Each structure stands twice: as structure tokens, then as C-alpha cells.
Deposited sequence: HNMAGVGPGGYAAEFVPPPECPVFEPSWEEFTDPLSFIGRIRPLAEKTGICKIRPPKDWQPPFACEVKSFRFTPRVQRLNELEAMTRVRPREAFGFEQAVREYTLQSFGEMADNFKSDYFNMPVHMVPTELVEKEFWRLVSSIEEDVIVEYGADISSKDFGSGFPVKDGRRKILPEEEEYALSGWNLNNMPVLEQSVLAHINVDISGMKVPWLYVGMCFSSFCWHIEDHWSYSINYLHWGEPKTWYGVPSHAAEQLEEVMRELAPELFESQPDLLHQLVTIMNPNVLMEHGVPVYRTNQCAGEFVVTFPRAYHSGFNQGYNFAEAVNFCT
């Protein structure tokens, strides 16, 4: 039986008046969005930040992801030496990514329906006959090659028409990140992270450290498909995860288990866990709420930026 897409999470299209401050905006939509775990925010049509990373020198070593690593658990000869991590440029990764997807589906990359990639992704995760391997540029600090948003740190040129985006509250470098505590006063910081995706590259189910919010922006490229679970269902999801996990992993601390918590959304739904989905397209924000479990994968070559923030 083929994958059944979860219902769509809310999408908001604020006018310019409502698009003033992200914390005030998220506070207003919270009564609805906290009940779906994730939501999507489309900025006003005329809000188009330039892309401001150092593209000429952009280089990275993406992690290798084997889609069915879990279903193949329960030894193959020379396991552990399948594929080495190597260095790409932004350009050379994109050539590889588009070639992979167009080859895989036998059609131009921009013509593959989002629902077809979604169906194939979940089929491959559980398949013991097809061993698909992809790569994910997922460990890239904005401090390395700069943020995708313009930043007024004097390291890179900003045009007059771009200064607005350097100062915008929706620029992820201008989100509040400091958690309130007494230790924070007794002590004598965080920056955005970047994600360069290809078709089928993915993030497993997790919640943020300290149950933090996160905000996520897709700078350009093909969509990022998301699944989210409201915080009221967090303990339920955790129970399902431990019920259906391999016993070798069921007892592991959550912070380690989250490295390998791959689970088809339909399985959670059949166990009574509410799941919502969305395709985040270029120029759109996704916000995750405190203790909202989420997971997802990329439809093709794309570039995202994300940060944890505090309210």
C-alpha cells in the first residue's frame, strides 16, 4: 500500500501590517499553530531578500545518508566502508544533485511531482532490495561562509536596497536566542545553520534542545517536505517510538536515539499520533513550536537556513 499524505499544516499569509515582528506574529498565531506543531509563513510578495553567502569559496563535506540503514539492520561484508564523505562546491553539489534526481525519475527535475518524491522516499526507507544512498550538506555554520541573509558585520558588501533585509526581524540573524536563567546572570551566542539539500536527503524525528522553538527559511531551490506533531502528542509519539524501535536502540537516551529515529508518518498515524505535513517552497518560513516533534526530506537541490530562538 502506498504512502498516505498527512493533512496539511497551517499556512499564514500576513499582510504588511501583521508582518512587522516575528515574535509578535508567532504569539498571535500560536493558539492554532501550537495545535499542529509546525506552521508555514509566506512573507508578503515584495519581501525578497538577496542571497548573501560567499558563493565563490563555498565548499563543504556532506554527510552520506543510506536511506534503508535501519530496515537492513536485522552482517554485510566490509560494512562501514560503503561511501566516504568528500568535498563539494555549491556548484558541484548541485550538478550532482540534479543529475541524481533526473536520472532517478527519468524526467527533468522540475517536473517530478512533490507527491511522487514523497511516495518514493518512504518506499525506499523500508525497502530491503534497493539500497539508495544520498548526501546532505547539513553541518554548515553561518560563521563559515556567511549567512544567506545580508548581515551588517562589514565582512561583505550590502547594497542600499538590501539594507532593509539586513535589519529585518525576519532575518534569522536577528532572532533572539538567549534563554533566560539565573546561570545566565551568574556566568561571566548561537548563530544560524545552513542546509544544502538534494533529493531524498533527510532529517529524522526530533525535538529541539531545551524544547526550543526553531525558525527555518528556504533561500532557494526545490521544496523541503516537513512532518510535524503537536507538543500535546509528544509523549505519545515517544511511546510509539520505543514500542517499535529495535531493542538495541529502545533503551538509549533520547538525545542519542534521535540520531536514528526514522519512522514513516503513517505508522505514527495508525497509532493515534496526529501528524501534519507541508511543502516549504523557496522564500517560505517554517516555524516549529516547543516540544513539537518534526522530520522531513528535501525534494531536490536546495538551500535552507535555520536557528533556534527564545520567546
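In this entry, the deposited residues absent from the coordinate set span 1-12, 87-89, 204-207.
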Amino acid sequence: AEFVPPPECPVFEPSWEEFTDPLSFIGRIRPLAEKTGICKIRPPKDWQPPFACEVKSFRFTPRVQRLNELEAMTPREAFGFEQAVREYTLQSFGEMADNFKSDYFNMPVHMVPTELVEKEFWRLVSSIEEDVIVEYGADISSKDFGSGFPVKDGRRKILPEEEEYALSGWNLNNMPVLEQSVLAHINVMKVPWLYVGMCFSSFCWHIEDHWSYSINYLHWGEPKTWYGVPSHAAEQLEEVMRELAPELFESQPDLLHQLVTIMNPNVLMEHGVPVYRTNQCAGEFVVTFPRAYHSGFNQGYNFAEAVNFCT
From here on, numbers count along this sequence of modelled residues.
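Between two forms, the rigid core is defined as the largest C-alpha subset superposing within 1.5 Å.
Annotation: of the segments 94-102 and 135-143, 135-143 departs further from this form in 9 other deposited structures of this protein (C-alpha atoms, root mean square over structures and residues, core superposition). In the record comparison, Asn187 is unmodelled in at least a third of the other entries of this protein that model the residues flanking it.
A summary of the deposited B-factors shows that, of 277-285 and 48-56, the stretch with the larger mean C-alpha value is 48-56.
Taking the PDB entry as given, 6-14 carries the higher mean Cα B factor of the two stretches 291-299 and 6-14. Per the PDB entry, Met189 shows the highest C-alpha temperature factor of the residues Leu116, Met189, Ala166, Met198. Per the PDB record, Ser181 has a higher Cα B-factor than any other of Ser142, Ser181, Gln236, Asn173.
Compared with the other modelled residues of the chain, the Cα B-factor recorded for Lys40 ranks in the lowest third. Among the modelled residues of the chain, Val260 sits in the lowest third by CA temperature factor in this PDB entry. In the deposited entry, the Cα temperature factor of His232 sits in the middle third of values across the chain's modelled residues. In the PDB entry, a CA B factor belonging to the middle third of its chain's modelled residues is recorded for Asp103. Split the chain's modelled residues into thirds by C-alpha temperature factor. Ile215 is in the lowest one.
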